[PDB]
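Below: the structure, in structure tokens.
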Amino acid sequence: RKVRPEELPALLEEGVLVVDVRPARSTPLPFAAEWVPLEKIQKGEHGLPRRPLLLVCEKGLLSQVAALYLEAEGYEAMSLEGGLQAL
Amino acid sequence: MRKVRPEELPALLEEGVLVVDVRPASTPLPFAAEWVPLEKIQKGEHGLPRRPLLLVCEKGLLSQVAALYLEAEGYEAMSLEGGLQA
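Residue numbers (the authors' numbering), protein chains in the order written: chain A, 2 to 25, 28 to 90; chain B, 1 to 25, 29 to 89.
The structure is reproduced here in structure tokens:
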């Protein structure tokens, strides 16, 4: 499921874990996010907690893919529609 | 560092704090924890987000150190008192 900018305030307060999937990262990070590059998520070499995860990226290209990879492993992932630019 | 009593646990978890299991490779992990070794934290080579953290381990010893460490880096890290077994 995608998350439109207007739905963020609700998720944030609920303490959603924000995960940055960008590579080794232009636009600032308005969230206390944990950085896990897609490259690494594609290799299963990460250690994200078994909890809802909001993946973000520059334009929404990488987060949506990674959002898929995590879905298979059993994760409850989601992404910010439009990336950090929709903001 | 803040010694979380099992009694205040529900209150914290309801907030959404990120739980971190520091035990190295023994009670179950009743939290959607993120495993981060103590040594990995002592070296600052951890990647925990800048959000309230609650450390946990077996007897509450290890988690009490990583807390001091992470606290130094401007982190709000607390420790589950008594550890997991308690």
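Think of the CB as a built atom: it goes at the ideal place given N, C-alpha and C, for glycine as much as any other residue.
Assigned secondary structure, residue i (DSSP; H/G/I helix, E/B strand, else coil)
| i | result |
| --- | --- |
| A/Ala36 | coil |
| B/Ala89 | coil |
| A/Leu51 | coil |
| residue 27 of chain A | There are no coordinates for residue 27 of chain A in this structure, because the numbering of chain A runs from 25 directly to 28. |
| A/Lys3 | strand |
| B/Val68 | helix |
Contact test: residue i Cβ vs the ligand ZN heavy atom, cutoff 7 Å
| i | result |
| --- | --- |
| B/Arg23 | Looking for the ligand ZN in the displayed structure turns up nothing, as the structure carries no ligands at all. |
Beta-carbon gap between residue i and residue j smaller than 8 Å
| i | j | result |
| --- | --- | --- |
| A/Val20 | A/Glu8 | no |
| B/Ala89 | B/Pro6 | yes |
| A/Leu65 | A/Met81 | no |
| residue 26 of chain A | A/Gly86 | A break in chain A separates 25 from 28, and the residue in question, residue 26 of chain A, sits inside that break with no coordinates. |
| B/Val22 | B/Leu41 | yes |
| A/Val4 | A/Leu71 | no |
- [ ] Would you check if there are 3 or more beta carbon pairs closer than 8 Å linking the segment 40 to 51 of chain A to the segment 63 to 77 of chain A?
- [x] yes
Task: Short-range partners of chain A found in the segment 58 to 82 of chain B, where Cβ spacing is below 9 Å - done: none
Task: Contacting positions in the segment 7 to 18 of chain A - beta carbon closer than 7 Å to chain B - done: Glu15, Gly16 and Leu18
Task: the segment 45 to 56 of chain A: positions lying closer than 8 Å to chain B by Cβ - done: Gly50, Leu51, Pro52, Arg53 and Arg54
Open item on the list: Can you pull out the residues from the segment 28 to 42 of chain A whose beta carbon lies closer than 7 Å to at least one beta carbon of chain B?
Closed with: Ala35, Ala36, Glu37 and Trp38
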